[PDB]
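A single chain comes next, written as structure tokens; it is the form deposited in one PDB entry.
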């Protein structure tokens, strides 16, 4: 309004909390949601865990085996994505009743442009307690709210107040963070980028202002360059806009690695059958076969057709692209799947 007022909501340890909601008997105990790859007994990884377990180091990304090694007595539940998704949607609807300007950024977070629903942050903070309280009431889900002048800082405000919290980073505090904040804690800055920036001499957002663009561009790319410089100059003002799915796909892990076409197909087709059920009523013009090689490397191959793709065409083309992969790469394949995009 004078400048945006963004309200960001991020659901606390989502998948695990949902499981808690569906079985409150779990509350207070360490809960670990798992992704069993079927390779052996407990092969796989943790999708997420609640804070009770997270304090002992059990968090998203670690092998289930190491999790059990740390907390052999925690409750281990298999991931139930669809259920979580439906719980997510109902909540997104609640939020949708606090602003038409809503951006569902992921399965458990969203930005709300509340510039014309409040003036000054006090009214914002209160509107956050209002929303937090509302959600807790209707779905018994705790969330963390973040408020600031733009999407990035609202999210940062959230990361700082997790879990079940709420924080406001006023315009004056942004100035402090632009200099105080660790560059790696900036959204979109993963380990790889974090490093490329270290070497360059950037450790705080402020530092991107003292380097020459062209150099910074060649090191982390133009897009990421302008992004950081925007935040640095305190000129980041990306608008909140409704995002719509552009891709739908599934990829499974094989019992054993392989390069034998007939051994891989059953998995590939299974991925297709599920990808299709999920496409719902959407018709894709583009298809990509995706394979994870034995050394966790990802190779893909695809084709865009001038028309929509039928299930039959998907089966036939997928086999061709899979062959193109086996043909152009010697590695064994560990995970195989498909991705459909460019919906009509």
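Throughout, rigid core stands for the largest set of C-alpha atoms superposing within 1.5 Å between the two forms. Residue numbers count along the first chain shown, from 1.
Worksheet item: Which is higher in the entry, the mean Cα B factor of 15-23 or that of 328-336?
Response: The recorded data point to 328-336.
Discussion item. Highest mean C-alpha temperature factor of the two stretches 41-49 and 278-286, which is it?
Written reply: Of 41-49 and 278-286, the stretch with the higher C-alpha B-factor average is 278-286.
Worksheet entry | Out of 108, 273, 185, 116, highest CA B-factor residue | In the PDB entry, the greatest C-alpha B-factor among 108, 273, 185, 116 is found at 116.
Worksheet item: If you compare 200, 77, 145, 156, which has the highest Cα B-factor in the entry?
Response: It is 200.
Discussion item. Per the entry's values, where does residue 224 land by CA temperature factor relative to the rest of its chain, in the lowest, middle or highest third?
Written reply: Tercile = middle for this residue's CA B-factor.
Worksheet item: Should residue 253 be placed in the lowest, middle or highest third of its chain by the C-alpha B factor in the entry?
Response: According to the entry, residue 253 has a C-alpha B-factor in the chain's lowest third.
Worksheet item: So where's residue 176 on the chain's Cα temperature factor ranking, which third?
Response: CA B-factor rank for residue 176: highest third.
Worksheet item: Going by what the PDB entry lists, where does residue 296 fall on CA B-factor within its chain: lowest, middle or highest third?
Response: Its C-alpha B-factor, which the entry lists for residue 296, ranks in the highest third among residues of this chain.
Worksheet item: Should residue 149 be placed in the lowest, middle or highest third of its chain by the C-alpha B factor in the entry?
Response: Its C-alpha B-factor belongs to the middle third of this chain's values.
There is another form of this protein, the form deposited in another entry, and it is not shown here; the text below is about that form.
Fill in: Entry of 152, 197, 272, 110 that shows, once the rigid core is matched between this form and the one not shown, a C-alpha shift of 2 Å or more
With the rigid core fitted, the residue that moves is 197.
Practice prompt. For residue 37, decide whether the Cα shift between this form and the one not shown is 2 Å or greater, given a superposition on the rigid core.
Written response: Comparing the forms between this form and the one not shown, which are aligned on their rigid core, residue 37 does not shift its C-alpha by 2 Å or more.
Discussion item. Relative to the superposed rigid core, does residue 210 relocate between this form and the one not shown - that is, does its Cα move 2 Å or more?
Written reply: For residue 210, whose C-alpha is compared between this form and the one not shown after core superposition, the shift is 2 Å or more.
Discussion item. Rigid core superposed, CA of residue 260 - does it shift 2 Å or more between this form and the one not shown?
Written reply: Yes.
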